[PDB]
>>> print(open('upload_34.tsv').read())   # TSV, N, CA and C atoms
chain	number	residue	atom	x	y	z
A	9	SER	N	16.11	-3.95	14.59
A	9	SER	CA	17.27	-3.36	13.87
A	9	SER	C	18.58	-3.84	14.50
A	10	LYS	N	19.04	-5.00	14.12
A	10	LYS	CA	20.31	-5.53	14.70
A	10	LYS	C	21.43	-4.48	14.59
A	11	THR	N	21.49	-3.77	13.49
A	11	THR	CA	22.55	-2.73	13.34
A	11	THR	C	22.05	-1.40	13.89
A	12	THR	N	21.30	-0.67	13.11
A	12	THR	CA	20.79	0.65	13.59
A	12	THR	C	19.86	1.30	12.55
A	13	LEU	N	19.20	0.52	11.74
A	13	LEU	CA	18.30	1.11	10.72
A	13	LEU	C	16.92	1.37	11.33
A	14	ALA	N	15.89	1.37	10.53
A	14	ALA	CA	14.52	1.62	11.05
A	14	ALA	C	13.50	1.42	9.92
A	15	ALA	N	12.81	2.45	9.51
A	15	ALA	CA	11.81	2.28	8.41
A	15	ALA	C	11.76	3.53	7.54
A	16	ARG	N	12.07	3.39	6.28
A	16	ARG	CA	12.04	4.57	5.36
A	16	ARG	C	11.52	4.14	3.99
A	17	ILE	N	10.46	4.73	3.53
A	17	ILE	CA	9.91	4.34	2.20
A	17	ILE	C	10.78	4.89	1.07
A	18	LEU	N	11.75	4.13	0.66
A	18	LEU	CA	12.64	4.58	-0.46
A	18	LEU	C	11.79	5.09	-1.63
A	19	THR	N	10.69	4.45	-1.86
A	19	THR	CA	9.78	4.85	-2.96
A	19	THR	C	8.34	4.47	-2.59
A	20	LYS	N	7.38	5.24	-2.99
A	20	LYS	CA	5.98	4.91	-2.63
A	20	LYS	C	5.21	4.45	-3.88
A	21	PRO	N	3.97	4.07	-3.67
A	21	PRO	CA	3.12	3.60	-4.78
A	21	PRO	C	2.35	4.77	-5.40
A	22	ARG	N	2.56	5.04	-6.66
A	22	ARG	CA	1.83	6.16	-7.31
A	22	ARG	C	0.32	5.94	-7.15
A	23	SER	N	-0.48	6.87	-7.60
A	23	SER	CA	-1.95	6.70	-7.47
A	23	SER	C	-2.55	6.25	-8.79
A	24	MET	N	-3.85	6.35	-8.92
A	24	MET	CA	-4.52	5.92	-10.17
A	24	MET	C	-6.02	6.21	-10.07
A	25	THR	N	-6.77	5.83	-11.06
A	25	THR	CA	-8.24	6.07	-11.01
A	25	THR	C	-8.95	5.21	-12.06
A	26	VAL	N	-9.82	4.35	-11.63
A	26	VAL	CA	-10.55	3.49	-12.59
A	26	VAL	C	-12.05	3.52	-12.29
A	27	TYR	N	-12.84	2.85	-13.08
A	27	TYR	CA	-14.30	2.83	-12.81
A	27	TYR	C	-14.60	1.74	-11.78
A	28	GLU	N	-13.78	0.72	-11.75
A	28	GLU	CA	-14.00	-0.39	-10.78
A	28	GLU	C	-12.66	-1.10	-10.51
A	29	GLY	N	-12.60	-2.40	-10.63
A	29	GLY	CA	-11.32	-3.11	-10.37
A	29	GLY	C	-10.63	-3.41	-11.70
A	30	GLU	N	-10.35	-2.41	-12.48
A	30	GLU	CA	-9.67	-2.65	-13.78
A	30	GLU	C	-8.40	-3.47	-13.58
A	31	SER	N	-7.32	-2.83	-13.20
A	31	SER	CA	-6.04	-3.57	-12.98
A	31	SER	C	-4.92	-2.58	-12.65
A	32	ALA	N	-5.13	-1.74	-11.68
A	32	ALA	CA	-4.08	-0.75	-11.31
A	32	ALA	C	-3.07	-1.41	-10.37
A	33	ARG	N	-1.81	-1.40	-10.74
A	33	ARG	CA	-0.78	-2.03	-9.86
A	33	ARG	C	0.08	-0.96	-9.19
A	34	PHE	N	0.53	-1.21	-8.00
A	34	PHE	CA	1.38	-0.20	-7.29
A	34	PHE	C	2.56	-0.88	-6.60
A	35	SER	N	3.42	-0.11	-6.00
A	35	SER	CA	4.59	-0.72	-5.29
A	35	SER	C	5.40	0.35	-4.58
A	36	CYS	N	5.71	0.11	-3.34
A	36	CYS	CA	6.52	1.08	-2.57
A	36	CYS	C	7.77	0.38	-2.04
A	37	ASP	N	8.94	0.88	-2.32
A	37	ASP	CA	10.16	0.19	-1.82
A	37	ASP	C	10.55	0.74	-0.45
A	38	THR	N	10.42	-0.07	0.56
A	38	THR	CA	10.77	0.42	1.93
A	38	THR	C	11.93	-0.40	2.50
A	39	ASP	N	12.89	0.27	3.07
A	39	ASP	CA	14.06	-0.45	3.66
A	39	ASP	C	13.99	-0.41	5.19
A	40	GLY	N	14.75	-1.24	5.85
A	40	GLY	CA	14.73	-1.25	7.35
A	40	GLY	C	15.51	-2.47	7.85
A	41	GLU	N	15.85	-2.49	9.12
A	41	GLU	CA	16.62	-3.65	9.66
A	41	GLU	C	15.89	-4.25	10.88
A	42	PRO	N	15.83	-5.57	10.96
A	42	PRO	CA	16.41	-6.47	9.92
A	42	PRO	C	15.54	-6.44	8.66
A	43	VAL	N	14.28	-6.15	8.84
A	43	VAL	CA	13.35	-6.08	7.69
A	43	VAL	C	12.25	-5.05	8.02
A	44	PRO	N	11.87	-4.29	7.03
A	44	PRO	CA	10.83	-3.25	7.24
A	44	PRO	C	9.43	-3.89	7.27
A	45	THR	N	8.41	-3.08	7.32
A	45	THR	CA	7.02	-3.62	7.35
A	45	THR	C	6.08	-2.66	6.62
A	46	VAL	N	5.06	-3.17	5.99
A	46	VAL	CA	4.12	-2.28	5.26
A	46	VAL	C	2.67	-2.58	5.66
A	47	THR	N	1.90	-1.57	5.95
A	47	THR	CA	0.48	-1.79	6.31
A	47	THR	C	-0.38	-0.83	5.50
A	48	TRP	N	-1.02	-1.33	4.50
A	48	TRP	CA	-1.86	-0.44	3.64
A	48	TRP	C	-3.17	-0.11	4.36
A	49	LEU	N	-3.54	1.14	4.41
A	49	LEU	CA	-4.81	1.52	5.08
A	49	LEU	C	-5.11	3.01	4.89
A	50	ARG	N	-6.35	3.36	4.90
A	50	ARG	CA	-6.73	4.78	4.71
A	50	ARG	C	-8.22	4.95	5.02
A	51	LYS	N	-9.01	4.01	4.58
A	51	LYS	CA	-10.48	4.08	4.83
A	51	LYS	C	-11.16	2.82	4.28
A	52	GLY	N	-10.49	1.70	4.35
A	52	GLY	CA	-11.09	0.44	3.82
A	52	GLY	C	-10.78	-0.73	4.76
A	53	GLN	N	-10.67	-0.47	6.04
A	53	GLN	CA	-10.38	-1.58	7.00
A	53	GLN	C	-9.13	-2.35	6.55
A	54	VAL	N	-7.97	-1.88	6.93
A	54	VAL	CA	-6.68	-2.55	6.53
A	54	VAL	C	-6.75	-3.09	5.09
A	55	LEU	N	-6.24	-2.32	4.17
A	55	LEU	CA	-6.25	-2.71	2.72
A	55	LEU	C	-5.89	-4.19	2.57
A	56	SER	N	-5.07	-4.68	3.46
A	56	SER	CA	-4.62	-6.11	3.44
A	56	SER	C	-5.70	-7.06	2.91
A	57	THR	N	-5.68	-7.28	1.61
A	57	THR	CA	-6.65	-8.20	0.92
A	57	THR	C	-7.94	-8.42	1.73
A	58	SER	N	-8.55	-7.36	2.17
A	58	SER	CA	-9.80	-7.50	2.97
A	58	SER	C	-10.82	-8.36	2.21
A	59	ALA	N	-11.06	-8.03	0.97
A	59	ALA	CA	-12.04	-8.81	0.15
A	59	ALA	C	-12.24	-8.14	-1.20
A	60	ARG	N	-12.14	-6.84	-1.23
A	60	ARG	CA	-12.33	-6.11	-2.52
A	60	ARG	C	-10.97	-5.66	-3.06
A	61	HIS	N	-9.98	-5.60	-2.21
A	61	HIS	CA	-8.62	-5.18	-2.67
A	61	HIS	C	-7.64	-6.34	-2.50
A	62	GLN	N	-6.46	-6.23	-3.06
A	62	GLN	CA	-5.47	-7.34	-2.93
A	62	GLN	C	-4.06	-6.77	-2.80
A	63	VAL	N	-3.51	-6.76	-1.62
A	63	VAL	CA	-2.13	-6.22	-1.45
A	63	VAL	C	-1.14	-7.38	-1.30
A	64	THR	N	0.10	-7.06	-1.09
A	64	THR	CA	1.13	-8.13	-0.92
A	64	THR	C	2.44	-7.49	-0.46
A	65	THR	N	3.43	-8.28	-0.15
A	65	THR	CA	4.72	-7.69	0.30
A	65	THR	C	5.86	-8.71	0.11
A	66	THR	N	7.08	-8.25	0.01
A	66	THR	CA	8.21	-9.20	-0.17
A	66	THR	C	9.17	-9.08	1.02
A	67	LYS	N	10.07	-8.15	0.97
A	67	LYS	CA	11.03	-7.97	2.09
A	67	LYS	C	11.21	-6.48	2.38
A	68	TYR	N	11.81	-5.76	1.47
A	68	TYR	CA	12.01	-4.30	1.67
A	68	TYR	C	11.23	-3.54	0.61
A	69	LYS	N	10.16	-4.11	0.16
A	69	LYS	CA	9.35	-3.45	-0.90
A	69	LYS	C	7.97	-4.10	-0.97
A	70	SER	N	6.94	-3.36	-0.69
A	70	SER	CA	5.57	-3.95	-0.74
A	70	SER	C	4.90	-3.61	-2.06
A	71	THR	N	3.73	-4.13	-2.28
A	71	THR	CA	3.02	-3.83	-3.55
A	71	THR	C	1.51	-3.94	-3.34
A	72	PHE	N	0.76	-3.13	-4.03
A	72	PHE	CA	-0.72	-3.17	-3.86
A	72	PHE	C	-1.41	-3.09	-5.22
A	73	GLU	N	-2.30	-4.00	-5.50
A	73	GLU	CA	-3.01	-3.96	-6.81
A	73	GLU	C	-4.52	-4.06	-6.56
A	74	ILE	N	-5.31	-3.34	-7.31
A	74	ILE	CA	-6.78	-3.41	-7.09
A	74	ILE	C	-7.50	-3.92	-8.34
A	75	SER	N	-8.39	-4.84	-8.15
A	75	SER	CA	-9.15	-5.41	-9.30
A	75	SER	C	-10.40	-6.15	-8.81
A	76	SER	N	-10.80	-5.93	-7.59
A	76	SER	CA	-12.01	-6.62	-7.05
A	76	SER	C	-12.96	-5.63	-6.37
A	77	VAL	N	-12.59	-4.37	-6.33
A	77	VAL	CA	-13.46	-3.34	-5.67
A	77	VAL	C	-14.94	-3.56	-5.98
A	78	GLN	N	-15.80	-3.28	-5.04
A	78	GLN	CA	-17.26	-3.48	-5.26
A	78	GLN	C	-17.97	-2.12	-5.35
A	79	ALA	N	-18.15	-1.46	-4.24
A	79	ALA	CA	-18.83	-0.14	-4.26
A	79	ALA	C	-18.62	0.60	-2.94
A	80	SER	N	-17.54	0.33	-2.26
A	80	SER	CA	-17.29	1.02	-0.96
A	80	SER	C	-15.78	1.15	-0.70
A	81	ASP	N	-14.98	0.99	-1.72
A	81	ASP	CA	-13.50	1.10	-1.52
A	81	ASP	C	-13.06	2.56	-1.69
A	82	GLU	N	-13.91	3.39	-2.24
A	82	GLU	CA	-13.54	4.82	-2.43
A	82	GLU	C	-12.21	4.94	-3.16
A	83	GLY	N	-11.65	6.12	-3.16
A	83	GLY	CA	-10.35	6.31	-3.86
A	83	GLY	C	-9.20	6.42	-2.86
A	84	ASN	N	-9.00	7.59	-2.32
A	84	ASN	CA	-7.88	7.85	-1.35
A	84	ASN	C	-7.49	6.61	-0.52
A	85	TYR	N	-6.32	6.12	-0.77
A	85	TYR	CA	-5.78	4.94	-0.02
A	85	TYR	C	-4.32	5.23	0.35
A	86	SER	N	-3.78	4.63	1.39
A	86	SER	CA	-2.36	4.94	1.74
A	86	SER	C	-1.62	3.71	2.28
A	87	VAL	N	-0.44	3.92	2.84
A	87	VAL	CA	0.36	2.77	3.38
A	87	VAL	C	1.31	3.24	4.50
A	88	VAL	N	1.04	2.87	5.72
A	88	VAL	CA	1.94	3.27	6.84
A	88	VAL	C	3.07	2.25	6.99
A	89	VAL	N	4.10	2.38	6.21
A	89	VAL	CA	5.23	1.42	6.31
A	89	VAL	C	6.16	1.82	7.47
A	90	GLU	N	6.39	0.93	8.38
A	90	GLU	CA	7.28	1.24	9.53
A	90	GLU	C	8.10	0.00	9.90
A	91	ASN	N	8.67	-0.04	11.07
A	91	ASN	CA	9.47	-1.24	11.44
A	91	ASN	C	9.85	-1.20	12.92
A	92	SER	N	10.70	-2.11	13.31
A	92	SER	CA	11.17	-2.21	14.73
A	92	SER	C	11.29	-0.84	15.41
A	93	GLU	N	11.61	0.18	14.66
A	93	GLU	CA	11.75	1.53	15.28
A	93	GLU	C	11.40	2.66	14.29
A	94	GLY	N	11.26	2.37	13.02
A	94	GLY	CA	10.93	3.45	12.06
A	94	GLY	C	9.41	3.61	11.97
A	95	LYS	N	8.95	4.67	11.38
A	95	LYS	CA	7.47	4.88	11.27
A	95	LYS	C	7.15	5.85	10.13
A	96	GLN	N	7.26	5.40	8.91
A	96	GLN	CA	6.97	6.29	7.75
A	96	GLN	C	5.71	5.80	7.02
A	97	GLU	N	5.28	6.52	6.01
A	97	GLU	CA	4.06	6.09	5.26
A	97	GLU	C	4.03	6.73	3.87
A	98	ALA	N	3.01	6.45	3.12
A	98	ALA	CA	2.89	7.02	1.76
A	98	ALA	C	1.41	7.23	1.45
A	99	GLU	N	1.09	7.88	0.37
A	99	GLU	CA	-0.35	8.09	0.05
A	99	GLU	C	-0.59	8.06	-1.46
A	100	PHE	N	-1.80	7.77	-1.85
A	100	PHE	CA	-2.15	7.71	-3.30
A	100	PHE	C	-3.64	7.41	-3.41
A	101	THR	N	-4.35	8.15	-4.22
A	101	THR	CA	-5.83	7.90	-4.32
A	101	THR	C	-6.15	6.94	-5.46
A	102	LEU	N	-6.82	5.86	-5.14
A	102	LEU	CA	-7.20	4.84	-6.15
A	102	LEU	C	-8.71	4.75	-6.22
A	103	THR	N	-9.30	5.65	-6.94
A	103	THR	CA	-10.80	5.68	-7.03
A	103	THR	C	-11.34	4.57	-7.93
A	104	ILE	N	-12.62	4.32	-7.83
A	104	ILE	CA	-13.26	3.25	-8.64
A	104	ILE	C	-14.66	3.70	-9.08
A	105	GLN	N	-14.74	4.89	-9.62
A	105	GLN	CA	-16.04	5.46	-10.09
A	105	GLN	C	-16.92	4.40	-10.74
A	106	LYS	N	-18.03	4.11	-10.14
A	106	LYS	CA	-18.96	3.09	-10.72
A	106	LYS	C	-18.21	1.81	-11.10
>>> encode(input="upload_34.tsv", output="structure tokens")
Amino acid sequence: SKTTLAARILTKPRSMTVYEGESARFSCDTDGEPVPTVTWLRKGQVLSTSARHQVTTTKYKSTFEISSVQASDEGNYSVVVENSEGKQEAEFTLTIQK
């Protein structure tokens, strides 16, 4: 934080519920200095495109979309967005019933 910011999720990613990897898209706008950071995780070994999920990020706003789930991604998923000194997060359940 060259100036004096940190990490604050201006907006988080809503939740959803599908039978598998239909096409649920999400996005959380997080600000911070010089740039914030987003780490999706809850119970799927770092959501970070592990293999069944596919996340991504830009600068002050990350995004997570699911369409590859197999049979162990469960629903409840979250995102601990933080930065050089901030430490915030968000939550949303993305189930994949069958």
>>> select_by_dssp(input="upload_34.tsv", residues="chain A", states="strand (DSSP E)", output="ChimeraX atom specification")
/A:16-19,24-26,32-33,36-39,61-65,69-74,84-87,98-104
>>> closest_residue(input="upload_34.tsv", among="A:26, A:74, A:43, A:18", to="residue 92 (chain A)", atoms="all atoms listed in the file")
A:43
>>> residues_around(input="upload_34.tsv", residues="region 46-58 of chain A", least_positions_apart="3", cutoff="6 Å", atoms="only C-alpha atoms", output="ChimeraX atom specification")
/A:61-63,81,85-89
>>> write_last_selection(input="upload_34.tsv", atoms="N, CA and C atoms", output="short mmCIF file (atom, residue, chain, number, x, y, z; two decimals), in the coordinates of the input")
data_model
loop_
_atom_site.label_atom_id
_atom_site.label_comp_id
_atom_site.auth_asym_id
_atom_site.auth_seq_id
_atom_site.Cartn_x
_atom_site.Cartn_y
_atom_site.Cartn_z
N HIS A 61 -9.98 -5.60 -2.21
CA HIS A 61 -8.62 -5.18 -2.67
C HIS A 61 -7.64 -6.34 -2.50
N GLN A 62 -6.46 -6.23 -3.06
CA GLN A 62 -5.47 -7.34 -2.93
C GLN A 62 -4.06 -6.77 -2.80
N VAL A 63 -3.51 -6.76 -1.62
CA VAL A 63 -2.13 -6.22 -1.45
C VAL A 63 -1.14 -7.38 -1.30
N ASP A 81 -14.98 0.99 -1.72
CA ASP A 81 -13.50 1.10 -1.52
C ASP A 81 -13.06 2.56 -1.69
N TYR A 85 -6.32 6.12 -0.77
CA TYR A 85 -5.78 4.94 -0.02
C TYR A 85 -4.32 5.23 0.35
N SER A 86 -3.78 4.63 1.39
CA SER A 86 -2.36 4.94 1.74
C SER A 86 -1.62 3.71 2.28
N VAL A 87 -0.44 3.92 2.84
CA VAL A 87 0.36 2.77 3.38
C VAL A 87 1.31 3.24 4.50
N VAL A 88 1.04 2.87 5.72
CA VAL A 88 1.94 3.27 6.84
C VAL A 88 3.07 2.25 6.99
N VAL A 89 4.10 2.38 6.21
CA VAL A 89 5.23 1.42 6.31
C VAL A 89 6.16 1.82 7.47
#
>>> residues_around(input="upload_34.tsv", residues="residue 24 (chain A)", least_positions_apart="3", cutoff="12 Å", atoms="only C-alpha atoms", output="PyMOL selection string")
chain A and resi 21+27-34+72-74+82-85+99-105
>>> atom_distance(input="upload_34.tsv", atom1="atom C of residue 14 (chain A)", atom2="atom N of residue 66 (chain A)")
15.3 Å
>>> decode(input="upload_34.tsv", residues="region 86-104 of chain A", atoms="N, CA, C and O atoms", output="PDB file, in the first residue's frame")
ATOM      1  N   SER A  86     -16.048 -20.105  -1.091  1.00  0.00           N
ATOM      2  CA  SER A  86     -15.877 -18.680  -0.657  1.00  0.00           C
ATOM      3  C   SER A  86     -14.646 -18.025  -1.296  1.00  0.00           C
ATOM      4  O   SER A  86     -14.058 -18.549  -2.219  1.00  0.00           O
ATOM      5  N   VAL A  87     -14.268 -16.866  -0.810  1.00  0.00           N
ATOM      6  CA  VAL A  87     -13.079 -16.147  -1.386  1.00  0.00           C
ATOM      7  C   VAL A  87     -12.431 -15.223  -0.345  1.00  0.00           C
ATOM      8  O   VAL A  87     -12.973 -14.202   0.015  1.00  0.00           O
ATOM      9  N   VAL A  88     -11.260 -15.559   0.118  1.00  0.00           N
ATOM     10  CA  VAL A  88     -10.576 -14.683   1.114  1.00  0.00           C
ATOM     11  C   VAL A  88      -9.751 -13.616   0.390  1.00  0.00           C
ATOM     12  O   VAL A  88      -8.561 -13.756   0.193  1.00  0.00           O
ATOM     13  N   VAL A  89     -10.380 -12.548  -0.010  1.00  0.00           N
ATOM     14  CA  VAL A  89      -9.641 -11.469  -0.720  1.00  0.00           C
ATOM     15  C   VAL A  89      -8.922 -10.574   0.296  1.00  0.00           C
ATOM     16  O   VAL A  89      -9.526 -10.020   1.189  1.00  0.00           O
ATOM     17  N   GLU A  90      -7.635 -10.423   0.154  1.00  0.00           N
ATOM     18  CA  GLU A  90      -6.873  -9.560   1.099  1.00  0.00           C
ATOM     19  C   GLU A  90      -5.769  -8.827   0.336  1.00  0.00           C
ATOM     20  O   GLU A  90      -5.806  -8.736  -0.873  1.00  0.00           O
ATOM     21  N   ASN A  91      -4.788  -8.300   1.018  1.00  0.00           N
ATOM     22  CA  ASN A  91      -3.704  -7.579   0.292  1.00  0.00           C
ATOM     23  C   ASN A  91      -2.541  -7.259   1.231  1.00  0.00           C
ATOM     24  O   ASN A  91      -2.477  -7.728   2.350  1.00  0.00           O
ATOM     25  N   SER A  92      -1.628  -6.470   0.747  1.00  0.00           N
ATOM     26  CA  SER A  92      -0.417  -6.067   1.539  1.00  0.00           C
ATOM     27  C   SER A  92      -0.723  -5.899   3.032  1.00  0.00           C
ATOM     28  O   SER A  92       0.122  -6.120   3.875  1.00  0.00           O
ATOM     29  N   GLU A  93      -1.914  -5.504   3.363  1.00  0.00           N
ATOM     30  CA  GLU A  93      -2.258  -5.318   4.808  1.00  0.00           C
ATOM     31  C   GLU A  93      -3.750  -5.566   5.091  1.00  0.00           C
ATOM     32  O   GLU A  93      -4.154  -5.664   6.233  1.00  0.00           O
ATOM     33  N   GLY A  94      -4.576  -5.669   4.083  1.00  0.00           N
ATOM     34  CA  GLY A  94      -6.023  -5.907   4.339  1.00  0.00           C
ATOM     35  C   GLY A  94      -6.278  -7.412   4.433  1.00  0.00           C
ATOM     36  O   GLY A  94      -5.442  -8.215   4.071  1.00  0.00           O
ATOM     37  N   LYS A  95      -7.426  -7.799   4.914  1.00  0.00           N
ATOM     38  CA  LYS A  95      -7.734  -9.255   5.031  1.00  0.00           C
ATOM     39  C   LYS A  95      -9.249  -9.475   5.091  1.00  0.00           C
ATOM     40  O   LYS A  95      -9.804  -9.763   6.133  1.00  0.00           O
ATOM     41  N   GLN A  96      -9.922  -9.344   3.980  1.00  0.00           N
ATOM     42  CA  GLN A  96     -11.401  -9.546   3.968  1.00  0.00           C
ATOM     43  C   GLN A  96     -11.757 -10.796   3.154  1.00  0.00           C
ATOM     44  O   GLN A  96     -10.900 -11.438   2.581  1.00  0.00           O
ATOM     45  N   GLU A  97     -13.013 -11.149   3.099  1.00  0.00           N
ATOM     46  CA  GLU A  97     -13.415 -12.358   2.321  1.00  0.00           C
ATOM     47  C   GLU A  97     -14.901 -12.297   1.968  1.00  0.00           C
ATOM     48  O   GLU A  97     -15.598 -11.356   2.295  1.00  0.00           O
ATOM     49  N   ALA A  98     -15.383 -13.303   1.301  1.00  0.00           N
ATOM     50  CA  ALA A  98     -16.813 -13.341   0.908  1.00  0.00           C
ATOM     51  C   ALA A  98     -17.280 -14.792   0.907  1.00  0.00           C
ATOM     52  O   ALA A  98     -16.484 -15.700   1.046  1.00  0.00           O
ATOM     53  N   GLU A  99     -18.549 -15.033   0.750  1.00  0.00           N
ATOM     54  CA  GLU A  99     -19.017 -16.444   0.746  1.00  0.00           C
ATOM     55  C   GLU A  99     -20.198 -16.626  -0.215  1.00  0.00           C
ATOM     56  O   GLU A  99     -20.902 -15.694  -0.549  1.00  0.00           O
ATOM     57  N   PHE A 100     -20.406 -17.832  -0.656  1.00  0.00           N
ATOM     58  CA  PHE A 100     -21.526 -18.132  -1.597  1.00  0.00           C
ATOM     59  C   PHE A 100     -21.527 -19.629  -1.877  1.00  0.00           C
ATOM     60  O   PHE A 100     -20.501 -20.205  -2.155  1.00  0.00           O
ATOM     61  N   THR A 101     -22.653 -20.271  -1.785  1.00  0.00           N
ATOM     62  CA  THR A 101     -22.673 -21.751  -2.020  1.00  0.00           C
ATOM     63  C   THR A 101     -23.000 -22.080  -3.478  1.00  0.00           C
ATOM     64  O   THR A 101     -24.011 -21.678  -4.016  1.00  0.00           O
ATOM     65  N   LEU A 102     -22.124 -22.814  -4.110  1.00  0.00           N
ATOM     66  CA  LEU A 102     -22.317 -23.207  -5.537  1.00  0.00           C
ATOM     67  C   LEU A 102     -22.412 -24.717  -5.626  1.00  0.00           C
ATOM     68  O   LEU A 102     -21.452 -25.404  -5.912  1.00  0.00           O
ATOM     69  N   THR A 103     -23.565 -25.228  -5.349  1.00  0.00           N
ATOM     70  CA  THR A 103     -23.755 -26.715  -5.360  1.00  0.00           C
ATOM     71  C   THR A 103     -23.806 -27.276  -6.783  1.00  0.00           C
ATOM     72  O   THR A 103     -23.982 -26.562  -7.752  1.00  0.00           O
ATOM     73  N   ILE A 104     -23.652 -28.569  -6.892  1.00  0.00           N
ATOM     74  CA  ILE A 104     -23.671 -29.238  -8.223  1.00  0.00           C
ATOM     75  C   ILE A 104     -24.387 -30.586  -8.121  1.00  0.00           C
ATOM     76  O   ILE A 104     -23.895 -31.601  -8.572  1.00  0.00           O
TER      77      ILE A 104
END
